[PDB]
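> I'd like to ask some things about the structure below.
Neighbour counts are summed over all protein chains in view; Cβ atoms, including those assigned to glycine, are modelled from backbone coordinates with ideal geometry. Just so you know, all these numbers are worked out from the coordinates, no wet-lab data involved.
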Amino acid sequence: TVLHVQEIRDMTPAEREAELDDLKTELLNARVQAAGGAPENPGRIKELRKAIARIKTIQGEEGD
Amino acid sequence: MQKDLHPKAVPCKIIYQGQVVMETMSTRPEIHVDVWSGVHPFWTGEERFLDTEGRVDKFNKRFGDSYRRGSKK
Amino acid sequence: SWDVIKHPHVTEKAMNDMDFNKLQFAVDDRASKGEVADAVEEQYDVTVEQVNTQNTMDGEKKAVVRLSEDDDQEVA
Amino acid sequence: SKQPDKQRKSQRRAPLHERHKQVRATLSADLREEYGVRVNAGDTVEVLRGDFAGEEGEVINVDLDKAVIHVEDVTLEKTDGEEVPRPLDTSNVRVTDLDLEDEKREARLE
RNA sequence: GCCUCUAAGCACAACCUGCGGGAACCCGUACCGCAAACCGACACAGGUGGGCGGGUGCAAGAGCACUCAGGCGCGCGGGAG
RNA sequence: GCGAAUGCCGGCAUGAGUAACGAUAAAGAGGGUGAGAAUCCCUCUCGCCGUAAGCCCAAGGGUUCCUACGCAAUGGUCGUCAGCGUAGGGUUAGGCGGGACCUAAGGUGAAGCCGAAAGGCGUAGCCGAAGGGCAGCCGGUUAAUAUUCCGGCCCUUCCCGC
RNA sequence: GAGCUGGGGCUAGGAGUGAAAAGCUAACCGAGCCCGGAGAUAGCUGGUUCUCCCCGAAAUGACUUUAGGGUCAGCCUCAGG
RNA sequence: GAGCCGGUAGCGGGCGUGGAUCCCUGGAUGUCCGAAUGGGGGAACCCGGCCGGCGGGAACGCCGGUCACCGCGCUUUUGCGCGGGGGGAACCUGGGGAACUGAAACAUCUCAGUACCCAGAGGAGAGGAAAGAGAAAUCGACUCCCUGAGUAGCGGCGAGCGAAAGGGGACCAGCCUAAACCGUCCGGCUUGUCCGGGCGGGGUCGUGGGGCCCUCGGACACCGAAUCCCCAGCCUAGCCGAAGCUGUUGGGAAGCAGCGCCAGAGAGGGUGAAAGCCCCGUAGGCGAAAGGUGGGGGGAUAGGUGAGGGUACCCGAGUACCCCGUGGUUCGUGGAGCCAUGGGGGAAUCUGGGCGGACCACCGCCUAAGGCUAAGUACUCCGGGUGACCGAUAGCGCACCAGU
């Protein structure tokens, strides 16, 4: 639970974007991470991923 | 389908077979052959809806040709 | 379109590779010098140095970026 | 659900809660008699069969999963040593102290 | 590729050249490879295309006897005769 | 309802501890490791190649290649050895090869031509190769790669500017 | 040299190819191979099961593209008169 | 309704009754191949225009989005906007279509119009209001089940093949258009009165249609759809849901004993060894939704046809009919017809024109040479039910990292 449609939906396209960019970035960070062998289990990892997910979701629907 | 008439079909079938009669006019008949062949007409040049020429054969040909039921000359 | 590259291919060589120069990694495979390089470029400070490529039977796509004469961080 | 095998088909393949359907039962006098509608699950009770038969214990873990549960009391120790909670054969299961100190427990079963 | 030119646009901006900066991808590489890794169902004295094939001797020569570089002793060993 | 069909399927005995070790190009010795070594590692005699039992390019096969562990079965004996097991790692190119160029056979194939239907043919254009064409070479460098990685030397095509 | 050859392809299996014996056509083509007619027909060949009671056979005659089959008779068996 | 991150049980970490896992339905992503369709191609790969950010372009410029195959109509203009094709176990009709084997050979025949291949429709197609059947002046769509009937009958009259009307039953059900006659026009020739195509008339069910003159007459007649919610059935999970405990031989009891209850639900299955009452989300029995598909059924939509005589008359087809050569039919050349056609002649518009099995007279039937038509039968990939149906060499061959 968190963030959420509409709300985020008020996060105009421009943003919608930028917001994702980072989006990956972080995630991406997550990766290196793993391989690293340092950190542990990122429920986050997943999530994040998803969140982002939907993210687009809505967005698109929104009508791109 | 490129061996018919256009103005109707007439191709195909054909169960021929010869024998040696000699019946009603005395005694009875006999049998033999067991083949199958063709049987049709011929085609001429015409035209329709921007060139096309047509084809179909005699009969029919004598018709529509004279007239034209989907395209004249 | 979105993400970009992959992650930091890590190994005896590579380790020593990204070290001294260049930098070897897991490259989705898609993207090439072009589409490739970039990614690198945008992501990692230093610009479009150079590069070579490779894949294999495995899954991963091998890629390399010769150094910007600048940074890289031992452990990436 | 009109044949032998369509029981494994709408119980565990379907809603796992259908397996909740399994956690079904009753218990002591109070509560029970009182009715039997509105459960708790990880409540307490005291089996009624198997050597351990007629025993005292409590509801430790809603295992529906494995098809049964565990009862702190009811248990056993390995052979290396250490003790441990045994498997709880859904079957012989008793509950009287209807876990309900939690307002949400008393707002459903007792 | 080199020269001839229509369409056609350049014809102070079309092509040739000169210097200076800028760009250069997609997939293939290991090792086997007169072969136990290739076909013969097997580590089967069977076949499989191109490159000089090192020397000394023999009239010459990828034929021959010994050996250069490199390769190997055959993947079962003893013992009577 | 079964011996029983040179029956089908499965197991299990025969001959039998005899027949075979896949070329009569032979080995033997010292040390070393190991639970255990004719059969592994180092070393020293000795024998066989040598037009090969040479390195190389291909085609085919695709990790079989290296490195650290290990031998249950495959190795027609062993086996600490492996082209066997598990784990990790290895092969990078503006100029090498294939395409981003070209066509003959041939194959496709808008138009065109004929079949009962499926189909047949087939122009131009396209597919089609160690045939045509095209811009480099020598040394170094790891457990493996290399005309690609190092470096020294040699270039080509496109683009913008003048 | 109607020379040997790699690579690329064309023909095809009642039809191909064949300096031609019926050869070769994915290791036995006198007409390939797989699935389908289909479990083809098959006087020939085998094969043809638990006990027990009762009686007791022919290996001739007549006609057959019939003679090592089978029709009709003759010899068996059970039910009633 | 309170546990979970799938089969992985294991390490390391974590979401959750200010309704998690999962059951539903409708979604947004759906990388590359595959009818492939942008172009090429040894599938799953490699190539091109337009827009596109503008993007690292650290003091230097790219993927993403996209887009477009070809045969089909035709608002033709320069052609813009709709359909198709590929599947698919079995079943369907058409197109084409065979030997074995029987006949104790084999040429006729049979297996058969079967097996196969091809095309294509569907969820069902097939077919379908009659130039039908037959003869009691009798019957009426087509289809399918029983029956007719192994009959009438076909035939080296040998092996075999082997109809139909009529009666019983399931279902019902009817409609259109050229069909130049009328008028409307639009386009031609070239102005008249010609052909032409869109609008109505009519647009035939069982003989009518128009055109004329007088009687007309002045509201219940919905189909194959069209429509509205209706019970929309199902769509997976919907959920309650009668009633025993002690004692006991037991490693385990639900067994052996004692008392106790249920009850439209003693169907079975799970429960440590055989329970109606322990679990069962079962039969008892009632339950249940905002989205996906019906009949029933309610209504208007209702599309739509619906009466009288008369007149010289013009109006469902290009080939019926006839000769030869085949078909199907029970018909194998036959005394041999009907319907269907391969070639050649080539009629009629109601006293017309086929028909009732050579033909002919007379009687009796029917009205062709265009089209649509749900329901009654077939078939199981799918889901359920049930078994004098099987148990790991039986069953589908394959009970679970097998068409491998």
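> Among rounded, prolate and oblate, which fits chain D when a ≥ b ≥ c are the square roots of the eigenvalues of its C-alpha gyration tensor, a/c under 1.5 means rounded, and a/b larger than b/c means prolate?
Because a/c hits 1.5 or more and a/b fails to exceed b/c, chain D counts as oblate.
> A further question on this structure: For a 32 Å ceiling on Cα separation, which of these pairs sit above it: A:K46/D:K78; D:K6/D:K104; A:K46/D:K2; A:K56/C:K6; A:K50/D:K78; A:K46/C:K62?
With Cα atoms farther than 32 Å apart: A:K46/D:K78; D:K6/D:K104; A:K46/D:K2; A:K50/D:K78.
> A further question follows. Quick check for you: which residues of the stretch D:29-70 have the amide N under 20 Å from the point 7 Å beyond the Cα of D:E106 toward its beta carbon?
D:29-45, D:59
> Please work out the Kirkwood hydrodynamic radius for the stretch B:1-60, using every pair of different C-alpha atoms, and report it in angstroms with one decimal place.
The answer is 14.8 Å.
> Something else: Calculate the dipole size of chain D relative to its Cα centre from +1 charges on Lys and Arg beta carbons and -1 charges on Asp and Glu beta carbons; express the result in debye to the nearest 20.
I would put it at about 1360 debye.
> Å³ per residue of the Cα convex hull, for the stretch C:1-72?
Hull volume normalised by residue count: 81 Å³.
> If you don't mind, there's one more thing I want to ask. Rounded to the nearest Å, what's the spacing between the alpha carbon centres of the stretch D:26-76 and chain A? Just the number, please.
Computed from Cα coordinates, the inter-centre distance equals 44 Å.
> Here's something else I'd like to know. Given N residues in chain A, what is Rg(Cα) / (2.2 N^0.38 Å)?
Against the empirical 2.2 N^0.38 Å value, I get 1.22 for chain A.
> Still on this structure: Three principal axis extents, largest first, for the C-alpha atoms of the protein assembly as shown, in Å?
Between the extreme Cα coordinates on each principal axis of the protein assembly as shown lie 116, 80, 50 Å.
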